[PDB]
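These protein sequence lines map, in sequence, to chains J, I, H, D, C and E.
The first sequence runs 1 to 93, 110 to 242, 260 to 318, 335 to 352 under the deposited numbering.
The second sequence runs 1 to 214 under the deposited numbering.
The third sequence runs 1 to 214 under the deposited numbering.
The fourth sequence runs 12 to 146 under the deposited numbering.
The fifth sequence runs 12 to 150 under the deposited numbering.
The sixth sequence runs 16 to 43, 50 to 146 under the deposited numbering.
Note that CB positions come from ideal geometry on N, CA and C, so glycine has one too.
For reference, the structure discussed in these notes is given below.
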Amino acid sequence: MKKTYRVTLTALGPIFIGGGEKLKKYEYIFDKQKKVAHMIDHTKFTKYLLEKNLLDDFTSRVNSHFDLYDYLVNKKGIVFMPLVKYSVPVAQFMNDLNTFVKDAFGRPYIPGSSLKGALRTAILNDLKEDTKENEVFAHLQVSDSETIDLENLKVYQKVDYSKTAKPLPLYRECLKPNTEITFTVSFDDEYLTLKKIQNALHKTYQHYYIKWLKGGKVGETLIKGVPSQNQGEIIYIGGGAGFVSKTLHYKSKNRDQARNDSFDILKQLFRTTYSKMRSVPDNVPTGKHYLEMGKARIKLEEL
Amino acid sequence: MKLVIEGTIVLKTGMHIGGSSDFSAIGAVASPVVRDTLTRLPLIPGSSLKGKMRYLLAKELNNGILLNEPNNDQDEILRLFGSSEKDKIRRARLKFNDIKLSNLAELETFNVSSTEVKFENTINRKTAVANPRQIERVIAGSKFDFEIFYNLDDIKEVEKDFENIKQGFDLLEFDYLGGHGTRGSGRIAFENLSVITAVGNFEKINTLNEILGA
Amino acid sequence: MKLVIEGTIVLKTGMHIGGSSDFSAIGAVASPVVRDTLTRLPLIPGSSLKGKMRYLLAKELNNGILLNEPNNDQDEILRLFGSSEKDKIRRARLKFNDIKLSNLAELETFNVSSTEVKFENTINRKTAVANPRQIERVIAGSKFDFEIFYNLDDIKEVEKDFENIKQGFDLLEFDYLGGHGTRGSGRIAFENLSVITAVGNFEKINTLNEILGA
Amino acid sequence: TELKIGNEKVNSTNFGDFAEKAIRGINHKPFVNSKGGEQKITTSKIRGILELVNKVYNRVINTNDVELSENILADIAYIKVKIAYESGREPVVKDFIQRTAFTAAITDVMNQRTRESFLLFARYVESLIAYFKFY
Amino acid sequence: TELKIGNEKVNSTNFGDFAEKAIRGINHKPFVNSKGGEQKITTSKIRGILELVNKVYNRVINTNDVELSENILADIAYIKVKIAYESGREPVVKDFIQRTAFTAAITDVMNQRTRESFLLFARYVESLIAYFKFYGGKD
Amino acid sequence: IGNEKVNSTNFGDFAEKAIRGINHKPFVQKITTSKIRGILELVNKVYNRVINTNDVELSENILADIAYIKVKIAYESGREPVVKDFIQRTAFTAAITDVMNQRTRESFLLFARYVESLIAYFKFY
RNA sequence: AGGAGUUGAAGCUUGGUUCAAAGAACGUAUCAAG
């Protein structure tokens, strides 16, 4: 009977939704050596360059590709910088930034399709037979969030942790952790309820741990580490959380599913396949945390 | 003797509605939004608003379940929206209209365009290969000034009919308006509701703004 | 004398009228809009305007509701729109005309076709399966310069006749003109309204032009 | 009146019969998808092709002139490009276009820039999908 | 002057009788839509078929030559396309079209491309609609 | 509607000729399906804002957009030699400079349809 | 130092409803009858 619930998505790890906006080595990005990044708007940048020596400054910077690293801003007296939409901090340890999805007002939010995809991945831990006419997802009403303040965004380094952590040249503009994101979700009780959602998220997280990530934490594992079950109301929002987060087929044994997706992804591609996959954390500093990526905490409240 | 229900629909979320005959570029948006094709500036069809209002009223009246054909709704719904059964055709006392965007000047104050391309995909859960799409979605905080002509038939039912109309205004607050609304779109807010006469003067019209614009 | 009631009908919404008399494609419009077939310019039939105006005016007169045949209206409506009852037959004082689309150059100035396709659907209430339809519909802001001939037969009744005519136009401003009107189309308005003589001069022509020019 | 496919002609008394023969060519010897399996084209792909044509058809049957305009024939060229692209998407669409010779018809329309040639092409596409759904 | 349907030919002495036999054969053995109950074609679909015929019939009756012009035959072939389309959509339409044999009639109209053949077809369909309303009407 | 020898009609034919010229006697490693799509995505990101405008001329911000995608494809050409041969054998930068010296909306739609036809006919062969 | 690859997929393309209603159906004049 349209059981509306207020979902407060506590961002336990870095949450990234992307939205189709790639930021290149020096293309709208302004990264300085004080461990923060500023970013600019294309219109005011282009008219600020076309007001002063149009063909000259275009041919100078086009000559200076690819080595730019925003010190033409310093040498040319262009230290005058009104081109700050918002400032973002960078977590390092060569640049290609992916930014978070923002609405037309330039103030970020998580769209409701993302959260429905996450809960659909959490609910579908029955057999993978649920097609595009399943009646249970036509009665789940999830909205977007309110506009998150721009100070809760942080640029991270994507690190891979298979045997030992090594970085990959890919920055994505995630959320800083313990950040509360507020959704409003409603559904028909004839198909799913609070109990089904908490049990599905609990089941998905516990199989995610005991079939792949506890195996990460004990197998091919050393002291490079220096969280279950807490309640457990934990889901993975699509921040590059991994292959096994997005799929569902760690149902219903550890072995045959691992060799199945082993063949399936890493046979047809270039690198050689066998056990096991690689884990993707992020990192912040001098001691490091190696805090893991895509995870979040989910709370359900009556109205 | 008609009444005009002036109002304003305030967008909280995207509200992608409609099918266009626009040719879609392949690196661009597919299935764009419906527009008022003179300027082709964004449009809310009257048929969409009528369909959602009739659906949400026909759920709350006949409380809960709904599996019947639209001519077999309750008497309030048929006398408010119309009928096509052979014995008793009811001429609709409501008359919806296509609602064009009104606050484009308010949007040019904020210096944003009137609509936005939203990026979505679909992850096939077997091999985790995606399948992208773009949808053209109106921005939030856009107003839509509308007016619905109430055709007064008899004053014994006008109070009940505006109570049902405010009920359907309330019910559409908690449900989408059109398009991919189960996934976060179409959240509307009926703000600054009012009613007025066309010609002449309804003597009990001060009670009608109390049961509607409140 | 005869008088000519000159004016124009401006569209605020779609106004889909009519049925061809044309073949249909199997991915295109069903029920296309009616056209003047020599020029393939969209047309308002004079029958549609006369029927809607007669229904609205004989709904206002006979205060409340009308349920009778066209031959059983009051003498104002019978003398204004003709009659065919057996002995008390009355020739129509008004002669309507087929109204072609009149501002095609000002539609082409904004670089758009004279008509649009408006995508619709309906969902089955028990199976949620959609059922799309496409209706051709005239674009909003299309102007229709019309003219209606009036037959000045009794000079002491022309005041009440033009009072009734302005009443009928002012009612038809708050109602659709044809087709899918309750679902957001057909809303028109009347502009440039005046009356001129056919040949000669009518003595109180200013009292008719003032009662229409307000 | 005239529209060539190969050395074999289709005209405006006749498009239903070549739509018969074209679809009955798609059946009885269907596409092979680089496997031992069978595969025929789905409804949504060919009817997206139909909606691609009918975005132009609604502005041609509404008009008067015996020669197509430049906006219309520009969108005809766009239809040919979209045919090439969604041919490049899937091989089953490529062999559907190659057997039910659609590029030949759309190039015939682009050569003879008359109104009735495109209307015949629209008849042929609608008849293709009619005999797809009939079987 | 004599239209072929199956193994028995129909002309302007039998089309009312043939259409009466066809309609009264549609009753006493109706169509089943792969569920428990029977289902026959409704008024609106066969009025769609009759409207498709009448869109050419309104033009043919004001023509001169005994052989039809090419735009008439274009529209007849497109009627054949439309009937083949609408029958493939709903199987209750396919049953009515095959049993009250329509496609064979319109093909043999297209073979003998004469005016009298199309008039024979049009009066055949008109009689078919007439007898459908005559037997078991729901008005 | 001229726009440097390629009309509103023969844009796909020119792109088909260009891709067929690419396909036999190619550069050395042929061009992949990701950079050319990146070009497509940047030009259609400009195209969405362009086609939802109202008038038949271009704003200042739109000329900023075509100028900045010119310097973006200058950067991307400066990355790889194969995309240099791609943009050289195309009249791409010529089309951008003609959009600079023409500043008409229909020319931008023609160029967008040209690069869409480049994507399409690269995919077709 | 970033490379590739998915750029939309599937479904419905109108459904049902009245499908010409009420009037006049020749009136007169020579002819004739008176």
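Residue span of the beta strand (DSSP E) that contains residue i, given as start and end
i: J/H218; result: Taken as a continuous stretch (DSSP letters only), J/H218 belongs to no beta strand (DSSP E), being part of the alpha helix (DSSP H) at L210 to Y224.
i: H/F119; result: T115 to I123
i: H/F144; result: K143 to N151
i: J/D176; result: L169 to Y177
i: J/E189; result: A181 to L191
i: C/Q123; result: Counting along the chain, C/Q123 falls outside any beta strand (DSSP E), and DSSP gives it neither H nor E.
i: residue 239 of chain I; result: Only positions 1 to 214 of chain I appear in this structure, which leaves residue 239 of chain I out of reach.
Span of the alpha helix (DSSP H), counted from its first residue to its last, around residue i
i: residue 9 of chain C; result: As displayed, chain C neither begins before 12 nor continues past 150, which places residue 9 of chain C out of reach and without an answer.
i: E/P102; result: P102 to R110
i: I/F162; result: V158 to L171
i: I/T207; result: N206 to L212
i: J/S130; result: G128 to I139
i: J/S64; result: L54 to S64
i: J/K148; result: Per DSSP, J/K148 belongs to no alpha helix (DSSP H) and is neither H nor E.
i: H/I196; result: Not the alpha helix (DSSP H): H/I196 falls in the beta strand (DSSP E), residues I188 to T197.
i: J/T46; result: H42 to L50
Distance between beta carbons of residue j and residue i, contact taken as under 8 Å
i: J/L281; j: J/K132; result: Incorrect: roughly 15 Å between the Cβ atoms, too far for contact.
i: J/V171; j: J/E196; result: J/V171 to J/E196, Cβ: 21 Å. No contact.
i: I/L41; j: I/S114; result: 7 Å
i: residue 224 of chain I; j: E/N18; result: An answer regarding residue 224 of chain I cannot be provided, because it is not within the stretch 1 to 214 covered by chain I.
i: J/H38; j: J/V84; result: 5 Å
i: J/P193; j: J/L12; result: 6 Å
i: E/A141; j: D/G99; result: 7 Å
i: J/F93; j: J/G19; result: 26 Å between Cβ atoms; not a contact.
i: H/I135; j: H/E120; result: 6 Å
i: I/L66; j: H/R125; result: 6 Å
Bridge partner(s) assigned by DSSP for residue i
i: J/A37; result: J/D31 and J/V88
i: H/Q74; result: DSSP output for H/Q74 lists no bridge partner at all.
i: H/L43; result: H/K100
i: J/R6; result: J/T200 and J/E350
i: H/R137; result: H/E116
i: H/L11; result: H/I188
i: H/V4; result: H/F149 and H/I196
i: J/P314; result: J/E341
i: J/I267; result: J/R346
i: J/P260; result: The partner list for J/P260 (beta bridge, DSSP) is empty, contrary to what the question assumes.
Residue i beta carbon near the ligand MN (any heavy atom closer than 8 Å)
i: J/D294; result: With respect to the ligand MN, the structure offers nothing, as it holds no ligand at all.
- Using Cβ-Cβ distances below 8 Å, what residues of the segment 83-111 of chain E are close to chain J? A85, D86, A88, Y89, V92, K93, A95, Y96, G99 and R100
- Message: Taking contact to mean 3 or more Cβ pairs, one atom from each stretch, closer than 8 Å, check whether the segment 128-145 of chain C and the segment 109-119 of chain C are in contact.
- Response: Below 8 Å, enough C-beta pairs join the segment 128-145 of chain C and the segment 109-119 of chain C to call them touching: three or more.
- Task: Please confirm if the segment 6-19 of chain I is in contact with the segment 175-190 of chain I, defined as three or more CB-CB distances below 8 Å between the two stretches.
- Result: yes
- Task: Give the residues from the segment 15-40 of chain I that approach chain E closer than 7 Å (Cβ to any Cβ), ordered along the chain.
- Result: Here the close residues are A25, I26, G27, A28, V29 and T39.
- Does the pairing of the segment 75-89 of chain D with the segment 125-133 of chain D give three or more beta-carbon distances under 8 Å? yes
- When Cβ atoms are compared, which residues of the segment 51-64 of chain I fall closer than 8 Å to chain J? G64
- Task: Decide yes or no for the touch test of the segment 89-107 of chain I against the segment 266-276 of chain J: beta carbon pairs closer than 8 Å, at least 3 of them.
- Result: In short, these stretches do not touch, since the Cβ pair count stays below three.
- Query: Counting Cβ pairs, one atom from each stretch, are 3 or more of them under 8 Å apart for the segment 164-183 of chain I and the segment 46-60 of chain I?
  - Reply: Yes, since at least three Cβ pairs between the segment 164-183 of chain I and the segment 46-60 of chain I fall closer than 8 Å, the two stretches touch.
- Note down, in chain order, all residues in the segment 126-142 of chain D with a beta-carbon under 8 Å from any beta-carbon belonging to chain H. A133, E137, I140 and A141
- Task: Decide yes or no for the touch test of the segment 308-316 of chain J against the segment 143-154 of chain H: beta carbon pairs closer than 8 Å, at least 3 of them.
- Result: no
- Task: Would you check if there are 3 or more beta carbon pairs closer than 8 Å linking the segment 157-173 of chain I to the segment 80-95 of chain I?
- Result: yes
- Can you give me, in chain order, the residues of the segment 66-80 of chain D that have a beta carbon less than 8 Å from any beta carbon in chain I? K66 and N69
- Task: Please name the residues in the segment 174-196 of chain H whose beta-carbon is closer than 8 Å to at least one beta-carbon of chain I, in chain order.
- Result: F174, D175, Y176, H180, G181, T182, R183, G184, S185 and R187
- Query: For the segment 128-141 of chain H, which residues have a beta carbon sitting closer than 7 Å to at least one beta carbon of chain I?
  - Reply: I139, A140 and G141
- Determine which residues of the segment 40-62 of chain J have a Cβ less than 7 Å from any Cβ of chain E, and write them out in chain order. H42, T43, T46, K47, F58 and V62
- Query: Can at least three beta-carbon pairs, one atom from the segment 26-40 of chain E and one from the segment 46-61 of chain C, be found at a separation below 8 Å?
  - Reply: no
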